[PDB]
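If you want the building blocks of each chain, they are given just below.
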Amino acid sequence: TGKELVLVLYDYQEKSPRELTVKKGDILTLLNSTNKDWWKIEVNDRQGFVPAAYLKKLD
């Protein structure tokens, strides 16, 4: 794991600094996929986290 890809199925709203906003339909680089709840992605320079249920990965 390191630079995979995940599809932001929904519109996520930034709630805490750790997380970042994503526009549903965006396929982003799945960095840290550890933590069932809250994955770390890199939506436009500067990574952050976003819940799992929101991100569709490829196993």
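Refer to the structure presented above.
Undergrad: Help me understand the overall build of the chain, please; the structure alone is not making it clear to me.
TA: Within the chain one finds zero helices and five strands. When the helices and strands of the chain are listed from N to C terminus, the series reads β-β-β-β-β. Computed over its C-alpha atoms, the radius of gyration of the chain comes to 10 Å, within 12% of the 10 Å expected for a compact globule of 59 residues. For the chain, the spread of C-alpha atoms along the three principal axes comes to 25 × 20 × 20 Å. A sequence separation of at least 24 residues applies to 41% of the contacts in the chain between residues at least 6 apart. Working note: accessible area of the chain is about 4,100 Å², and carbon and sulfur atoms make up 49% of it.

Undergrad: Can you help me understand the packing of aromatic side chains in this one?
TA: We describe a pair of aromatic rings using the distance from one ring centre to the other and the angle between the two ring planes. All told, the structure shown has three aromatic pairs when counted by the stated rule. When the centroid spacing of 5.9 Å and the interplanar angle of 35° are considered together, the rings of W38 and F49 count as tilted. Within this pair, whereas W38 is found in the loop between β2 (27-30) and β3 (39-41), its partner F49 is found in strand β4 (residues 48-50), the two being separated by 11 residues in sequence. For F49, a relative accessible area of 26% gives the class partly exposed. Each residue in the set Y10, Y12 and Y54 is aromatic and connected to the rest through ring pairs, giving one cluster. In this arrangement the basic side chain of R18 is found over the ring face of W38, its NZ or CZ atom lying 4.6 Å from the centre.

Undergrad: Could you clarify how one ought to interpret the nonpolar core in this entry?
TA: Most often, soluble globular proteins have nonpolar side chains that are buried together. Membership of the largest hydrophobic core comes to 14 residues, with the highest contact counts inside it found for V22 and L55. Counting residues per element, the ones that place at least two in this core are β1 (4-8), β2 and β3. Excluding anything up to four places from it in sequence, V22 contacts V8, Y10, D11, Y12, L28, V43 and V50.

Undergrad: What is the right way to look at unusual backbone geometry in this model?
TA: Most peptide bonds adopt trans geometry, and most residues besides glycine take a negative phi value. Positive phi is not limited to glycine here, since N35 has a value of about 110°. Along the polypeptide, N35 turns up in the loop between β2 and β3. Under the relative-accessibility criterion, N35 is labelled partly exposed at 46%.

Cut-off values and rules
Within each chain the numbering goes from 1 in written sequence order, not necessarily matching the entry, and residues lacking coordinates are not shown. Here the side-chain values reflect all heavy atoms present in the structure, with hydrogen atoms and water set aside. The helix count covers DSSP runs of H or I at least four residues long, the strand count covers runs of E at least two residues long, and both are numbered beginning at the N terminus. Using C-alpha atoms as the atom set, the radius of gyration is obtained and then compared with a globule rule of 2.2 Å times the number of residues to the power 0.38. Contacts are assigned to residue pairs that have any heavy atoms within 4.5 Å of one another. Values of accessible area rely on a 1.4 Å probe in the Shrake-Rupley scheme; residue burial ignores everything except the protein chains shown. Stacked, tilted and edge-to-face are the three classes applied to pairs of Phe, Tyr and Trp rings, where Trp contributes its six-membered ring and a pair requires centres within 6.5 Å; stacked means planes under 30 degrees apart, edge-to-face means over 60, and tilted covers the rest. For every residue, the accessible area obtained with a 1.4 Å probe (protein chains only) is divided by the maximum for its type, and the residue is called buried under 20%, exposed over 50%, and partly exposed between those limits. Either the NZ atom of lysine or the CZ atom of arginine qualifies as a charge over a ring when it sits within 6 Å of the ring centre and within 35 degrees of the ring normal. Residues belong to a common nonpolar core when they are buried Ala, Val, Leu, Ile, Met, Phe, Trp, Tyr or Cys residues joined through side-chain atoms within 4.5 Å.

This is a description of form; function is not addressed.
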